[PDB]
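A.B. asks:
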Amino acid sequence: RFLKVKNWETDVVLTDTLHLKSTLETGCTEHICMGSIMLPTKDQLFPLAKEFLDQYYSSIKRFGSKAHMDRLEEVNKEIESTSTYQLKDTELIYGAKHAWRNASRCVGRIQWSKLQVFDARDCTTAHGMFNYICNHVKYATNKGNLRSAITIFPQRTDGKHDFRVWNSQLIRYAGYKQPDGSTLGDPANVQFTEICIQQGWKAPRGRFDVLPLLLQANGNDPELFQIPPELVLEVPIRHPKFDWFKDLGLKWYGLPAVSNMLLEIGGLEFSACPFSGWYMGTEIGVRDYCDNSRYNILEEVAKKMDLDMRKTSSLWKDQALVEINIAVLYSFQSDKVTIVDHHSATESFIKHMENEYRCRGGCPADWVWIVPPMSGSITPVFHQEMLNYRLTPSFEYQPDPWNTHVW
Amino acid sequence: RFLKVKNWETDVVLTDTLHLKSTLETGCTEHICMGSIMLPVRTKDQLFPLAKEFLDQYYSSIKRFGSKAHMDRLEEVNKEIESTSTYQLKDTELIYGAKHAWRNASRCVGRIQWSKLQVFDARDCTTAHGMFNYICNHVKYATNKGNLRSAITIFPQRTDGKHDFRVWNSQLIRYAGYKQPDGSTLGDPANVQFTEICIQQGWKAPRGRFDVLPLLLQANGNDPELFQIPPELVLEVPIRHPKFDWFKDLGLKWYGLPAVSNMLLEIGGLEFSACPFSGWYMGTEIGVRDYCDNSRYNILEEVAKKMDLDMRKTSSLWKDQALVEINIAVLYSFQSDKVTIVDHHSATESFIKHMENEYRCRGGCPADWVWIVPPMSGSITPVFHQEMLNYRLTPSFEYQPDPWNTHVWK
Ligand code: HEM
Ligand code: HEM
Ligand SMILES: C[C@H](O)[C@H](O)[C@H]1CNc2nc(N)[nH]c(=O)c2N1
Ligand SMILES: C[C@H](O)[C@H](O)[C@H]1CNc2nc(N)[nH]c(=O)c2N1
Ligand SMILES: N=C(NCCC[C@H](N)C(=O)O)N[N+](=O)[O-]
Ligand SMILES: N=C(NCCC[C@H](N)C(=O)O)N[N+](=O)[O-]
Ligand SMILES: [Zn+2]
């Protein structure tokens, strides 16, 4: 059944058929919509594997070819024998690029095809993992000129030899609970910062302490490693008109690199697949800096702006929020570190979406996540109806490693 | 069954059971979610169960479920339906229905006020002039010299779908929109189509930037008629900025009373096609959407320019900067002219407390996240960090085709 999507700002209407190939289930029903909920075998493997291969070969204009059929046969025999199979290089690259392409929560998918894939499937140890990761961080940072990339470690086998990167991101600041009862650093990482301490990490106890990597290979216990400081590009935050901003003492890292997700390609599961691209301003400025549960810096910045914080109707929070995001962008740009603002990012996504509609006949998109956390309606995506559904290959969430590992 | 909802800013988790009483569809399937989609004559037979459901709820709420008063009413209603195909609601039921339609509106963030709603029974109305008189009284009462009071006027329910009462305006008070051969739009672009119809029907437009539109009223299914609202009844607020003295020179102003008038109210199966309702504005409705939407007044560039902001590159966030000031101004003005209004911060905080209270006393509170979260400063309002469950409960306010696309002219 054809579905239509209307942009209420331009009246442009797109027709979606791509949803017809929807695999998994959204979490919604005809009776209830859970759109805003953050998270709603051989017989199983071969079918999934087939869907993927038919998909790949169709993309390379060889659907049905002998190569297509051969490969399809080879995998079956391989699955029937090894109860699993291995992706050829080409299928891995395609799989990862397409997992990104299908990421309904990513606003920067217009860059999906320019992804650098690092095949880390030959890795066997944590040090090996550290080595691959460092090279990933270095290649991707490129001295400020960020380049998207993903490193894929060995796929899951029996589930007891899983490769995992316990960190939620390759680079994040430590969080510590203090005497007062308050929290120093990033509250979002308190638990992990603890797991690292208990493991031996000599935590510095600072506001912005770059966490160590906790790498798990072949189901073994995780090991700690310190990313070469020379490899962690950071931007000191200063304002273009408030010379007092520098006194806030804020700084953030330039490389966003989600590393706790699971990559699925043709039925196979890669539980260690850190990936990186570059920041959209609001991610840091609005969410990391201003979320009540994160660095919660709104009051401070307000004060120094000398504005009436007596009543909410003065919109002092909104006032401050804007200046703060001005500074993040300003800084990154001043130090020549790649970064994109919500206006450019969202406009780009709209274009990508239009391309995706005429070239794929659709584009899965999660409105709740696509629309920036600030100035929502003044960005194009706000007025754009979206259809959300799941397509594989995909990036999925997965239980925290510490919540299920057998030490 | 039980469905959990979590607030990622407090870790507070709520359990929903109310969704079980959900009857209608959502547009969402098990394979596809359409949460961001704007808008995805009954038989005498299908009517009784609906009436029953509604009545069982009414009586349950007044704590007389199963009583003789309850039983006889069902008997009375079923009888009436069979013999007349329809049925009339008792005043008490109508007031209960209206309050609950509001109580169930998943796109409304001001529901903490649902219980305090003034219901005006206009069911004895038979003509447009009569509807005009009724609306005038609604506007005067609700406005209350700037101290707004929520209220709704309910005109005769649908019968055969041929004698429908309709308020052609989308809001009782709204500014006209005119398209110039130039291609530009004068006034409110959103009301261009309706404006043309008014002119075609006989209205003589002042052709200005903020012309209060005339009421186009349809009674008992007859052709719509024009009426101008008594100017002394239309409260307006000129918009000025607390610190930007040039703001007042932007020539901006807006009306104080928001009153959607094109929705359909459904109570116990009964359909009320003319049910204008009003409460008070949340600042962002005017400051963000009405003033800054590209397809509305679109004042950003001008407010930006006059603020002398670097508009050479979006990354300077001049748009975001201007937007705040403009919303600063809408709020300030209303407060200065003592006209009720609430900012998005207060409004969303209150809604969270309302929502929590609703989970504890009702077992849920259907909410549309896409609509509840404000069009600016999204994540610095609690609703953003709040998971919500959207589902439909009756009584309800529904959308309905524009009268001009269905009306059989006489
Ligand atoms: C090149 C620049 C990129 C930009 C500017 C971009 C931007 C974004 C933004 C703003 C989010 C929301 C983040 C949050 O709220 O936590 C996001 C989420 C996401 N992006 Fe992208 N992205 C980019 C590259 C990538 C890459 C390289 C991949 C994969 C190969 C990817 C996969 C995803 C996924 C899986 C999510 C959702 C993660 C989650 O659920 O927490 N993105 N992206
Ligand atoms: C006391 C003042 C009230 C406030 C501050 C409030 C606020 C809001 C806001 C911000 C919206 C979204 C508007 C938009 O984006 O166009 C809305 C929607 C809604 N409200 Fe309320 N509301 C209030 C009173 C009422 C009343 C009295 C009723 C009904 C009796 C009601 C029924 C609804 C409905 C049905 C919608 C959705 C309308 C649509 O789909 O366009 N509200 N409300
Ligand atoms: C409860 C709600 O789902 C939650 O706050 C979502 C909303 N939208 C979001 N959007 C993005 N990009 N990132 C997030 O973490 C969230 N959080
Ligand atoms: C396409 C999208 O559904 C649309 O822009 C919605 C988003 N949220 C909204 N929220 C409110 N309150 N009002 C609106 O008009 C909208 N528009
Ligand atoms: N932009 C990206 N964001 C991933 C999550 C980062 C998180 N919001 C934060 O630290 O703010 N990914 N990427 O570009 O690969
Ligand atoms: N607040 C209310 N809003 C109704 C819609 C008004 C519209 N967004 C606008 O004119 O901006 N309802 N109410 O209070 O009854
Ligand atoms: Zn849904």
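As given, the protein sequences belong to chains A and B, one line each in that order.
With the authors' numbering applied, the first sequence corresponds to residues 299 to 338, 350 to 716, in that order.
With the authors' numbering applied, the second sequence corresponds to residues 299 to 338, 348 to 717, in that order.
Just so you know, even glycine gets a beta-carbon here, dropped at the ideal spot from N, CA and C.
If I follow the unbroken beta strand (DSSP E) through B/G484, where does it start and stop?
C.D. replies: For B/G484, the enclosing beta strand (DSSP E) starts and ends at 484-486.
A.B. asks: Output, in sequence order along the chain, the residues in the segment 651-669 of chain A whose CB is closer than 7 Å to any CB in chain B.
C.D. replies: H652, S653
A.B. asks: Quick check on A/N411 - is its C-beta less than 7 Å from some C-beta in chain B?
C.D. replies: No - not a single Cβ of chain B is within 7 Å of the one on A/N411.
A.B. asks: Applying the 10 Å Cβ sphere with the 16-neighbour rule, what's the burial state of B/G558?
C.D. replies: exposed
A.B. asks: For B/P538, which of B/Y485, B/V446, B/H317 has the nearest alpha-carbon?
C.D. replies: B/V446
A.B. asks: Taking 7 Å as the CB-CB cut-off, is B/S703 touching chain A?
C.D. replies: no
A.B. asks: Just to confirm the assignment: which complete alpha helix (DSSP H) runs, minimum length 4, are found wholly within the segment 497-531 of chain A?
C.D. replies: Entirely contained in the segment 497-531 of chain A, the alpha helix (DSSP H) runs reaching 4 residues are, in chain order, 499-508.
A.B. asks: According to DSSP, simplified to helix, strand and coil, what is residue 342 of chain A?
C.D. replies: Between 338 and 350 the numbering of chain A has a gap, and residue 342 of chain A falls inside it, with no coordinates.
A.B. asks: Would you say A/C443 lies against chain B (beta-carbon separation less than 7 Å)?
C.D. replies: no
A.B. asks: Do the CB positions of A/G671 and A/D309 come within less than 7 Å of each other?
C.D. replies: no
A.B. asks: What in chain B is Cβ-close to A/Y698, meaning under 8 Å?
C.D. replies: Using a Cβ-Cβ cut-off of 8 Å, A/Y698 is close to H329, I330, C331 of chain B, given in chain order.
A.B. asks: Residues near ligand 5, CB to any non-hydrogen atom under 7 Å, in chain order?
C.D. replies: Going by the Cβ distance cut-off, the answer is A/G417, A/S457, A/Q478, A/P565, A/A566, A/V567, A/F584, A/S585, A/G586, A/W587, A/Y588, A/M589, A/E592, A/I593, A/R596, A/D597.
A.B. asks: CA-CA distance, A/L520 and A/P565?
C.D. replies: 14 Å
A.B. asks: Does any residue of chain A have a CB that is nearer than 7 Å to the CB of B/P682?
C.D. replies: yes
A.B. asks: Tell me the rounded alpha-carbon separation between A/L572 and A/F691.
C.D. replies: 29 Å
A.B. asks: Taking the alpha helix (DSSP H) that A/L424 belongs to, which residues open and close that run?
C.D. replies: Note, A/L424: premise wrong, no alpha helix (DSSP H); not H, not E.
A.B. asks: Which residues of chain A have a Cβ atom closer than 9 Å to the Cβ of residue 346 of chain B, listed in chain order?
C.D. replies: In this structure residue 346 of chain B is absent; chain B steps straight from 338 to 348.
A.B. asks: For A/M589, list the residues DSSP reports as bridge partners.
C.D. replies: A/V649
A.B. asks: So, are the CB atoms of A/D431 and A/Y482 less than 7 Å apart?
C.D. replies: no
A.B. asks: What does a CB cutoff of less than 8 Å around B/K612 pick up in its chain, not counting 5 residues either side in sequence?
C.D. replies: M618
A.B. asks: Using a Cβ-Cβ distance under 7 Å, would B/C326 count as near chain A?
C.D. replies: yes
A.B. asks: According to the neighbour-count rule (16 or more other Cβ atoms, all chains shown, within 10 Å of its Cβ), is B/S320 buried or exposed?
C.D. replies: buried
A.B. asks: When you compare only the Cα positions, how much space is there between B/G586 and B/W421?
C.D. replies: 10 Å
A.B. asks: Distance check for A/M570 and A/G325, CA to CA, integer angstroms please.
C.D. replies: 19 Å
A.B. asks: Is there at least one Cβ from chain B nearer than 7 Å to A/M695's Cβ?
C.D. replies: Flagged as an interface residue toward chain B: A/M695, by a C-beta distance shorter than 7 Å.
A.B. asks: Measuring only the C-alpha atoms, how far is B/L524 from B/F472?
C.D. replies: 8 Å
A.B. asks: The segment 615-626 of chain B: which residues have C-beta closer than 8 Å to a C-beta of chain A, in chain order?
C.D. replies: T621, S622, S623, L624, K626
A.B. asks: How would you label B/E323, buried or exposed, when you count the other beta carbons within 10 angstroms and need 16 or more for buried?
C.D. replies: exposed
A.B. asks: Quick one: what does DSSP say A/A458 is sitting in, helix, strand or coil?
C.D. replies: strand
A.B. asks: For the segment 384-398 of chain A against the segment 633-652 of chain A, do three or more pairs of beta-carbon atoms, one drawn from each stretch, fall closer than 8 Å, so that the two count as touching?
C.D. replies: no
A.B. asks: Expressed to the nearest angstrom, what Euclidean distance is found between the alpha-carbon atoms of A/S392 and A/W475?
C.D. replies: 28 Å
A.B. asks: Cβ of A/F704 versus every heavy atom of ligand 1: is any distance shorter than 6 Å?
C.D. replies: Result yes, Cβ under 6 Å from ligand 1.
A.B. asks: Locate the alpha helix (DSSP H) running through B/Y562, then write down its first and last residues.
C.D. replies: Looking at the DSSP string, B/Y562 is not in any alpha helix (DSSP H); the run it does join, the beta strand (DSSP E), is 560-562.
A.B. asks: For A/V646 and chain B, any beta-carbon pair shorter than 7 Å?
C.D. replies: For A/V646, the closest Cβ of chain B is not nearer than 7 Å.
A.B. asks: For a test of your reading of the model: does the CB of A/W678 fall under 6 Å from any non-hydrogen atom of ligand 3? Yes or no.
C.D. replies: yes
A.B. asks: Could you tell me the alpha carbon to alpha carbon distance between A/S390 and A/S374, rounded to whole angstroms?
C.D. replies: 24 Å
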